[PDB]
Every structure is written in structure tokens, then in C-alpha cells.
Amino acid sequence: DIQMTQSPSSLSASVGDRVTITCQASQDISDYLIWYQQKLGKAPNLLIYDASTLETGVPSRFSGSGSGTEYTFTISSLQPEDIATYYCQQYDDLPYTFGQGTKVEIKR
């Protein structure tokens, strides 16, 4: 019932470039937003929870800001091993819903 709108659907940048992705929730989700990275053929991995808190082992080039309804995810410097599909998910209320995902690629 909480709808997540994520943007863009895909983007191609260069290694080193900054990447910004956003999620807007149809309602105040009190910081309960999580960002995952899903590489090809693998399950999603948790990078950030509570909207801004990185998980252990996660590079610092990854970060997440936002509050209430608008949330953003930044990759300060794109690395080739960052190619994947990123998704936001609110866990404020069931059913936990995902944004449509943003596929990120390295232009060449």
C-alpha cells in the first residue's frame, strides 16, 4: 500500500563519475528505507538501512540521504564493480514494497 517511485530506470556514466538515484514514498516512512545492489544473476545485497546507515564492509563511496518521503542514493565515484541494479525498499509497513530499480552501467 505504500508506493515507491524510483528514478531513473537506467543510466550510463563513466568510471569516476557521480551517480544520483532517488526514491519518493507515497507517505512518510519514518526513515525506514533500505538500498540494495543486485548484480546480474544474484540476490539483492543490503548496502544501507535506516535510509542513511551503511552496513559493514560497504565502500564509503556509497551513501544515502533523505527524510520523510524523498530519499536519494549517491555513488560518489563509479567503479566497474558497481554495475548492477539498485533498488530502494521501505520496511515501515507490510507489505514491504520496492521501487522499480535503477540499472547502472559504465559507458565506454
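So that there is no doubt, residue numbering starts at 1 and follows the sequence shown.
Novice: Compare the mean C-alpha B-factor of 93-101 with that of 12-20 as given in the PDB entry, and name the stretch with the higher value.
Specialist: It is 12-20 that shows the higher mean C-alpha B-factor.
Novice: Taking only the CA atoms, which stretch has the higher mean B-factor in the record, 71-79 or 31-39?
Specialist: According to the PDB entry, the answer is 71-79.
Novice: Hey, what third does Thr53 fall into on Cα B-factor, ranked over its chain?
Specialist: Middle third - that is where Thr53 ends up once the chain's C-alpha B-factors are sorted.
Novice: When the deposited Cα B-factors of this chain's modelled residues are ordered and cut into thirds, is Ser63 in the lowest, the middle or the highest one?
Specialist: Bottom third by C-alpha B-factor.
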